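Okay, structure first, notes after.
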Amino acid sequence: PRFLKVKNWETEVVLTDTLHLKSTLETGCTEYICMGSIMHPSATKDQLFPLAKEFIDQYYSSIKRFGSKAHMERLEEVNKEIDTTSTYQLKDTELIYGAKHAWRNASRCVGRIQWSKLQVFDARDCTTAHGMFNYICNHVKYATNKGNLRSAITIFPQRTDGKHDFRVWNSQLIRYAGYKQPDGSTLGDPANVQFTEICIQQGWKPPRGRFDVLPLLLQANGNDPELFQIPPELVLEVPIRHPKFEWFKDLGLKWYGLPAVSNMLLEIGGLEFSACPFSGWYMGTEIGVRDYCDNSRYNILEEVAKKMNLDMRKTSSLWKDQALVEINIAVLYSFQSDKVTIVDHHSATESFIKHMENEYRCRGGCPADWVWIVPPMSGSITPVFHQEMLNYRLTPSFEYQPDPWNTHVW
Amino acid sequence: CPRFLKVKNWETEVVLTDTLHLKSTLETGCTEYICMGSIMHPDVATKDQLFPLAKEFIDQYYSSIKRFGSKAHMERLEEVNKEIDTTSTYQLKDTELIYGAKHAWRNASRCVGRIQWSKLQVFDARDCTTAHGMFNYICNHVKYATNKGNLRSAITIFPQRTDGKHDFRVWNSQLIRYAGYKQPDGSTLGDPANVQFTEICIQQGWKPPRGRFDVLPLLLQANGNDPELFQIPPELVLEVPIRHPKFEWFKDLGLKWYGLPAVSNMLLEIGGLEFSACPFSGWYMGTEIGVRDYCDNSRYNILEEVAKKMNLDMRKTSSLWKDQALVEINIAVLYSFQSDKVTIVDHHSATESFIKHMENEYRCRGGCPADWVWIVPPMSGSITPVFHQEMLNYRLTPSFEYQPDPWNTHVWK
Ligand code: HEM
Ligand code: HEM
Ligand SMILES: CN[C@H](C)Cc1cc(C#N)cc(OCc2ccc3c(C)cc(N)nc3c2)c1
Ligand SMILES: CN[C@H](C)Cc1cc(C#N)cc(OCc2ccc3c(C)cc(N)nc3c2)c1
Ligand SMILES: C[C@H](O)[C@H](O)[C@H]1CNc2nc(N)[nH]c(=O)c2N1
Ligand SMILES: C[C@H](O)[C@H](O)[C@H]1CNc2nc(N)[nH]c(=O)c2N1
Ligand SMILES: [Zn+2]
C-alpha cells in the first residue's frame, strides 16, 4: 500500500501517486493476469446510503466545509429521504460538481485539461420524448456556437425501478447512416448499419446516400422510442479538402463538427443517469485515422493512395502510412479554414502531460489508460508514449451500458 | 480465478478462449484495484526453494515429448533431486537446455516476432572459464547469426550462477552498438543512449575514435573476475548505409546502421537455474531503427534535419511535418536493407504474422501471453491488425528477465 512512482523516460521526471489509495471500484486485473487491453472487463436502500455518504463527504470536502453544520444537515436530510422513498435527489450544486468530476476521472480521455469548464444542463424535470428532443436541440445549439465549440452535458431523470429508464438510442447525437447493399458491400458508415435498420423499421425514410444524418431515437420513462429530425441549420459540417492536393475535394468527403456521445451512463453517489449526452470538440485523428481508415469503417486509404500514384503492390513501401498522414493533414486544414474548433494529436498530448503534472501537484495523482491515451498514429513521437501511467477507477464516473434494443419490450 | 478467459478482435469479431493463464507463475504488478501495464519494470536459491522449481520444469519437458510418467521421467526426477540434495544445485541435460531456451522466447509477452520461436539455434557454452573464451564463443555466434545477410536467430549460453560471486556477464547491452560522447559544451556525438557505457570502456583503457558511428568493444566478465576489453573483428560487423528510393539527398545525411540486433544484458531462467550471460539475436523490424533509434528526442534525433531538406512548414504542429518526415525515414531504412539483401521485416508484415501465430497458439496451447503496450508498433498503430486485438498478459517460465547493470554490483578485485 505504498506511494507509487511514475517515470517519464524522455524527461526523467518522476511523479508520486497517492490518489490511487482512494479508489474503490475494480479495474479487471489480478496479481497474476493483466487485462489492460480488454475494452470492457468485469441497487436498493441497503447499499445506497454508503455510496451517498461517500459522495456527499467528498463534495463538502471539496468546498472546505467538511464537518460543518451544513454538511451534517445534508447527511441527515439524505438518510431520511432514502429511508422514506428508497432514493434521493441531488442538489443543483452537487449535480454540477458530480458531472465535472466524472469527466475529470475518465482514465481514457486525453482532453481532461478542460474538465472544470463544463456547461451542465439540468433536464431532470423531463417526462416525454418530445421534451427530450427540445433539451437536445438546445444542447446542440449551445455547444456548436457557430464553430467556436463549447463543452456541455445534458442530464435526464435518473433510473428508478429499471422499467422506466430514459435512453438516447443513438450512440452519438450526430452520426451518418450506413446501408447494406444488394451486392454485399456497404454504403455510408458501416459502424451504423444496425441502428440504421432499426430507424428504417421505425418509419424513417432513408435518403440512401453516403452522408445522411440519422434521426434522433428517444425513449422517455421506459416507453417505446420516438423518431425526431434535428433541424438542419443546427448541424454544422465541414467539407474536407487538402492544402496541396487539388484532387482531394473531388473525393466528396465531409464530416460533422460536433462529437457528442449519447449512449453512456453517468454515475453520481449511487444514482444512475442512463441518459446524459455530453460533447466537446474533436482531435483530428478521431476522424482522420479511425472514422476514415478503419477497415470496418469508411476505409478510404486505397483510393487516396491511388490518387497519390503510390506503389501498392508491397507493404514495405509504406503506402498505407503515407496516405494516412495526408488524410489527417486534410482534416485539420479543413476545420481550421472554416474556423471550427479542432485539436491535433501533438498539441493534445502536450496539454495532457501538462494536465497530469497539474493533477499530481494539486490532487496527488491522475488516473490514465495508456492504451487509449496514446494516439492511433505516430505514437512514439508524441510525449505520452514515453510517459508511465497508473490506471484506477474513481467515482463519479462514466460507464458503459447495454444497447437498449437488447433489453426493451414494446 | 475463472477457468476460461475470452479475448475479442474488434476488427474481425473473432473470439478466442484462454486456459493457459492458469499455469501463470509470478506477479505482474497489477491488482484488483490498480493496473500497471504501462510501467517499464513493475543471494541465491536455497535447496527447499529449488526442489519444486526443478520438478515443475522437468514435468513440463517430459510432457512436451509425450513421455510423462514414463520410467525415464521418474529417473530424471530422482537424479535431479539427489543432485540438489548433495550440491545445492543441478545441471541441465543438453536436450533440456535447448527446450528451455526456445520456450523462454515462446513465453516472451513483449516480442512480436515469436512465430519463429521453434527455429532457434542454441549454442552450449557452459564449458567456458575465461573472458578470452567468452570472446571466442561470441565471435562464432555473430558470424553464424549474420550469415552474410541471411540472418538466423541464435542464443549462446554461458555457465549458470553459483554462489553469486562468480557470475558470467556481458557488460554490453547489445553485442553490437555505437559509442556516445558527451561534449564539454553539453552536446553529444554519436548515440546518446550509450554515453555511460562508453565512459566505462574509456576508463578501462579503450582508445575511442570519437566519431558518429564507432562500434563499441566487448566488455566481458567470466567467473566473477574483473571484466576485460576485446575488439570485435570489423569484418564480422555487417552494416547498411541508409539511402532513399526517391530523395537523392538522403544519402548525404551520412547515416548507417548495423544488421544484427543482439541483446546481451538479460537473464535466462530455467527450472530455477539462472543464466546471467545469454546473448540472443534475430533480425530487425524497421520501426526499431527508423522510429526509435533515429527519431527519439534522446537518440539520434534527425526529424528536424530531414524535415528541412524536405522543405516542410515547421512552424505549426498541425501541418504534421513530423509525421511526414517519420514515414520517409522508415521508407529509406527498409529500402536500404532490402537493397543490400539483409533480412528485415516491416511492421505491417510482422504484426500480421503475429496475429496468425497468436491464433495458432490459442488453438494448440490454450493461449499466448502478450503485452499490447509493447506489441503495437510506435507508428501507424491503428492500421496494423494488433491494435484491435484484445490481449492477456501473464508470466510463464522458462523466461527472460531484467537484471541490474553489473558495474553497480561488481566487487573490483
Ligand atoms: C473537449 C475536448 C475533448 C477532447 C479533444 C477529447 C478527446 C477524447 C478522445 C480522443 C477520446 C478517445 C476516443 C476514442 O478513441 O474513441 C476520449 C474519450 C473519452 N472522453 Fe474525452 N474529449 C473531450 C471532451 C470530453 C468531455 C466534455 C467529456 C465528458 C463531459 C469527455 C468524456 C470522455 C469519456 C468518458 C471517454 C472514454 C469513453 C470510453 O471509455 O469508451 N470527453 N476523449
Ligand atoms: C527473429 C526476429 C525478431 C523480431 C523481428 C523481434 C521483434 C521484437 C521487437 C520489435 C521487440 C520490441 C523491441 C523494443 O521496442 O525494444 C522485441 C522484444 C523482445 N524480444 Fe523479440 N524479436 C525477434 C527475435 C527474438 C529472439 C530470437 C529472442 C530470444 C531468443 C527474442 C526475445 C525478445 C525479448 C525477451 C523481448 C522483450 C525485451 C524486454 O522485455 O525489454 N526476440 N522483439
Ligand atoms: C469502436 N470503438 C468504440 C466507439 C469505443 C467507444 C465506445 C463508447 C461507448 N459506449 C463510447 C466511446 O466514446 C469515446 C468518446 C467519448 C466522448 C468524446 C468527447 C466528449 C469528445 C471527443 N472529441 N471524443 C470523444 C470520444 C467510444
Ligand atoms: C530504451 N528501451 C529499452 C532499451 C528497452 C529494453 C531493455 C532491455 C533490457 N535489459 C532489452 C530490450 O530488448 C528489446 C529487444 C530484445 C531482443 C530483440 C531481438 C532478439 C530482435 C529484435 N529485432 N529486437 C529485439 C529487441 C529492450
Ligand atoms: C511508458 C511506456 O510504457 C514506455 O515508453 C514503453 C511503451 N511501449 C514500448 N514499446 C516498445 N516496443 N518498446 C518500448 O521501448 C516501449 N516503451
Ligand atoms: C483491443 C484494444 O483495447 C482496442 O482496440 C482499443 C485499443 N486502444 C484504443 N484507443 C482509443 N483511443 N480508442 C479505441 O477505440 C481503442 N481501441
Ligand atoms: Zn493490468
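Going through the C-alpha cells in order, the chains are called A, B, and so on, while each chain numbers its residues from 1 and the ligands are numbered from 1 in the order shown.
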
- Query: If you count only C-alpha atoms and all ligand atoms, which residues end up within 6 Å of ligand 1, as a list in words?
  - Reply: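 For ligand 1, the residues inside 6 Å are residues 103, 106, 108, 109, 110, 111, 151, 278, 279, 280, 281, 282, 283 and 398 of chain A.
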
Take the selection from the previous step and output its residues with C-alpha atoms, as a short mmCIF file (atom, residue, chain, number, x, y, z; two decimals), in the first residue's frame.
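Result went into selection-v1.cif, see below:
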```cif
data_model
loop_
_atom_site.label_atom_id
_atom_site.label_comp_id
_atom_site.auth_asym_id
_atom_site.auth_seq_id
_atom_site.Cartn_x
_atom_site.Cartn_y
_atom_site.Cartn_z
CA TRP A 103 -15.07 13.86 -16.75
CA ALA A 106 -12.24 9.41 -17.05
CA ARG A 108 -9.31 7.14 -21.23
CA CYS A 109 -9.85 10.87 -22.11
CA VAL A 110 -6.88 12.90 -23.33
CA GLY A 111 -8.88 16.17 -23.21
CA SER A 151 -18.18 21.69 -23.77
CA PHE A 278 -22.01 15.04 -23.50
CA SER A 279 -19.96 16.84 -26.11
CA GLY A 280 -16.65 18.59 -26.68
CA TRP A 281 -14.56 19.13 -29.79
CA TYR A 282 -12.54 16.69 -31.98
CA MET A 283 -8.94 15.55 -32.01
CA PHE A 398 -18.99 7.41 -16.89
#
```

Long-range neighbours of region 41-56 of chain A as a PDB file with N, CA and C atoms, in the first residue's frame, 6 Å cut-off, only C-alpha atoms, 2 positions minimum in chain:
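Result went into around.pdb, see below:
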```pdb
ATOM      1  N   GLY A  28     -10.202  -4.860 -13.180  1.00  0.00           N
ATOM      2  CA  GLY A  28     -10.289  -6.035 -14.031  1.00  0.00           C
ATOM      3  C   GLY A  28      -9.040  -6.895 -14.015  1.00  0.00           C
ATOM      4  N   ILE A  38      -8.251  -5.129 -22.571  1.00  0.00           N
ATOM      5  CA  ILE A  38      -9.651  -5.541 -22.733  1.00  0.00           C
ATOM      6  C   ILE A  38     -10.571  -4.295 -22.746  1.00  0.00           C
ATOM      7  N   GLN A  58     -17.155  13.876  -0.005  1.00  0.00           N
ATOM      8  CA  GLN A  58     -16.094  14.468  -0.811  1.00  0.00           C
ATOM      9  C   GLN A  58     -16.535  15.812  -1.394  1.00  0.00           C
ATOM     10  N   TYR A  59     -17.840  16.011  -1.545  1.00  0.00           N
ATOM     11  CA  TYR A  59     -18.329  17.301  -2.015  1.00  0.00           C
ATOM     12  C   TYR A  59     -18.072  18.403  -0.984  1.00  0.00           C
ATOM     13  N   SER A  86     -36.750   5.299  -0.876  1.00  0.00           N
ATOM     14  CA  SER A  86     -35.812   4.332  -1.468  1.00  0.00           C
ATOM     15  C   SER A  86     -34.857   4.962  -2.484  1.00  0.00           C
ATOM     16  N   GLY A 269     -22.872   9.303  -6.783  1.00  0.00           N
ATOM     17  CA  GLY A 269     -23.332   8.943  -5.450  1.00  0.00           C
ATOM     18  C   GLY A 269     -24.377   7.842  -5.429  1.00  0.00           C
ATOM     19  N   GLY A 270     -24.166   6.817  -6.245  1.00  0.00           N
ATOM     20  CA  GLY A 270     -25.057   5.677  -6.245  1.00  0.00           C
ATOM     21  C   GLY A 270     -26.271   5.837  -7.136  1.00  0.00           C
TER      22      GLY A 270
END
```

Would you write out, as a tab-separated table, a table of all residues in chain A that have an atom no more than 6 Å from an atom of chain B, listing for each the closest atom pair and the distance in Å to one decimal, considering only C-alpha atoms and ordering rows by chain and rising residue number?
```
residue	atom	partner	partner_atom	distance
A:26	CA	B:33	CA	4.8
A:27	CA	B:33	CA	5.4
A:29	CA	B:32	CA	5.4
A:30	CA	B:31	CA	4.7
A:31	CA	B:31	CA	4.9
A:32	CA	B:27	CA	5.1
A:33	CA	B:394	CA	5.0
A:34	CA	B:393	CA	5.2
A:35	CA	B:392	CA	5.6
A:37	CA	B:390	CA	5.5
A:38	CA	B:390	CA	5.4
A:316	CA	B:346	CA	5.7
A:344	CA	B:318	CA	5.8
A:376	CA	B:382	CA	5.1
A:377	CA	B:380	CA	4.2
A:378	CA	B:379	CA	4.2
A:379	CA	B:378	CA	5.1
A:380	CA	B:378	CA	5.1
A:388	CA	B:39	CA	5.4
A:389	CA	B:38	CA	5.9
A:390	CA	B:36	CA	5.8
A:391	CA	B:35	CA	5.2
A:392	CA	B:34	CA	4.9
```

- Which residues, written as a ChimeraX atom specification, have at least one atom at most 10 Å from residue 62 (chain B), with only C-alpha atoms counted and residues fewer than 6 positions away on the same chain left out? /B:68-70,72-74,76,96

- Around ligand 2, at most 8 Å away and counting only C-alpha atoms and all ligand atoms, which residues are there? Put them as a PyMOL selection string, please. chain B and resi 101-102+104-105+108-114+116-117+120+152-155+266+280-285+287-288+292+344-345+350+374-375+377+399-402

Can you write just those residues out, C-alpha atoms, as an mmCIF file, in the first residue's frame?
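Full text of selection.cif as output:
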```cif
data_model
loop_
_atom_site.group_PDB
_atom_site.id
_atom_site.type_symbol
_atom_site.label_atom_id
_atom_site.label_comp_id
_atom_site.auth_asym_id
_atom_site.auth_seq_id
_atom_site.Cartn_x
_atom_site.Cartn_y
_atom_site.Cartn_z
ATOM 1 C CA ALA B 101 15.792 -21.594 -24.257
ATOM 2 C CA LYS B 102 13.189 -21.985 -27.020
ATOM 3 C CA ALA B 104 11.753 -18.584 -22.830
ATOM 4 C CA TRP B 105 11.428 -16.966 -26.249
ATOM 5 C CA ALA B 108 8.185 -13.550 -24.056
ATOM 6 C CA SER B 109 4.989 -11.431 -23.865
ATOM 7 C CA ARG B 110 6.686 -8.318 -25.333
ATOM 8 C CA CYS B 111 8.082 -9.943 -28.514
ATOM 9 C CA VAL B 112 6.185 -9.528 -31.791
ATOM 10 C CA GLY B 113 8.488 -11.997 -33.584
ATOM 11 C CA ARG B 114 7.531 -15.217 -31.798
ATOM 12 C CA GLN B 116 9.836 -18.001 -35.261
ATOM 13 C CA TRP B 117 10.383 -19.429 -31.758
ATOM 14 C CA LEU B 120 16.301 -21.005 -32.537
ATOM 15 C CA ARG B 152 19.456 -16.711 -38.437
ATOM 16 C CA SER B 153 18.204 -16.468 -34.854
ATOM 17 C CA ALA B 154 20.648 -17.730 -32.180
ATOM 18 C CA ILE B 155 21.468 -17.767 -28.443
ATOM 19 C CA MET B 266 19.186 -10.083 -19.865
ATOM 20 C CA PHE B 280 20.470 -13.781 -28.159
ATOM 21 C CA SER B 281 19.771 -12.383 -31.601
ATOM 22 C CA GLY B 282 17.335 -12.264 -34.510
ATOM 23 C CA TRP B 283 16.662 -9.642 -37.188
ATOM 24 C CA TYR B 284 15.132 -6.136 -37.153
ATOM 25 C CA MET B 285 11.650 -4.749 -37.577
ATOM 26 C CA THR B 287 10.498 0.832 -36.877
ATOM 27 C CA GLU B 288 13.078 -0.217 -34.278
ATOM 28 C CA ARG B 292 13.106 4.861 -32.116
ATOM 29 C CA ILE B 344 14.464 -7.103 -42.202
ATOM 30 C CA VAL B 345 10.645 -7.043 -41.710
ATOM 31 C CA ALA B 350 5.297 -8.524 -38.629
ATOM 32 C CA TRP B 374 4.917 -3.263 -26.476
ATOM 33 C CA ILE B 375 3.363 -5.344 -29.304
ATOM 34 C CA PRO B 377 4.288 -0.556 -33.260
ATOM 35 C CA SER B 399 11.662 -16.781 -19.153
ATOM 36 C CA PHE B 400 13.921 -13.863 -19.997
ATOM 37 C CA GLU B 401 14.252 -11.373 -17.111
ATOM 38 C CA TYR B 402 15.792 -7.956 -16.447
#
```
